[PDB]
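Participant: my sequence and its experimental structure, below.
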Amino acid sequence: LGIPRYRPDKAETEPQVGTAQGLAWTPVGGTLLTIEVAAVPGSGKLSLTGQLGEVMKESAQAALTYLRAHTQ
Amino acid sequence: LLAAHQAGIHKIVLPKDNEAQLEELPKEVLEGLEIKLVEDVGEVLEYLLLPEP
């Protein structure tokens, strides 16, 4: 065959700083919706991408609320 | 690589995640190239915004 285009049974992914490997069910088959997030500087805001519904927005907002309940 | 080879471009920039995918290439497609194997956008911008000052 070709080279191994996907890594072996995943134990060599070397955890990265921001991305969270979240699983879900796309209509074309399984995947990991790696929710790659940007900890940008600034003055406080929140946006999304992917042209999705707001359900992601309130999920992220409630998440941020739980973090701010556990700041320090 | 073909689209950079026909357009008279020589030094190409590819992601190092394709380094194992690079050896797929024959010894004729890699004739006259110098790939700046990179993984961070910061290094692409270091070796391409070189006339920064």
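Facilitator: Structure received. Residues are numbered from 1 along each chain as shown, chains lettered A, B, ... in the order given.

Participant: near chain B, which residues of chain A?
Facilitator: Residues of chain A that fall close to chain B, judged by Cβ under 8 Å from any Cβ of the partner chain: A:2, A:3, A:4, A:5. C-beta here means a position set from N, CA and C on the backbone, and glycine is covered the same way.

Participant: and whichever residue of chain A sits closest to chain B, how many neighbours?
Facilitator: Nearest to chain B, among the residues of chain A, is residue A:3, at 5.0 Å (Cβ to the nearest Cβ). Applying other Cβ atoms under 10 Å in any protein chain shown, we find 10 residues neighbouring residue A:3.

Participant: quick one: residue B:29 from chain A, how far?
Facilitator: Distance of residue B:29 to chain A, computed by Cβ to the nearest Cβ, to the nearest Å: 16 Å.

Participant: what helix or strand does residue A:62 sit in?
Facilitator: helix A:55-68 (DSSP states H and E).

Participant: strands along chain A, start to end?
Facilitator: A:20-26, A:29-35 (DSSP state E).

Participant: mean neighbour count added to the ones you listed, as CSV?
Facilitator: Converted to CSV, those look like this (neighbours: other Cβ atoms under 10 Å in any protein chain shown):
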stretch, mean neighbour count
strand A:20-26, 10
strand A:29-35, 11
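
Participant: tell me the centre residue of chain A?
Facilitator: residue A:35 (1.2 Å; Cα atoms, centre = their mean).

Participant: for it, name its beta-bridge partners.
Facilitator: residue A:20 (DSSP bridges).

Participant: spatially nearest residue to whichever residue of chain B sits closest to chain A, not counting backbone neighbours?
Facilitator: Of all residues in chain B, residue B:20 sits closest to chain A, at 5.0 Å by Cβ to the nearest Cβ. Of all residues not flanking residue B:20 in the chain, residue A:3 sits nearest, at 5.0 Å (Cβ to Cβ, 6 or more residues apart in numbering or on different chains).
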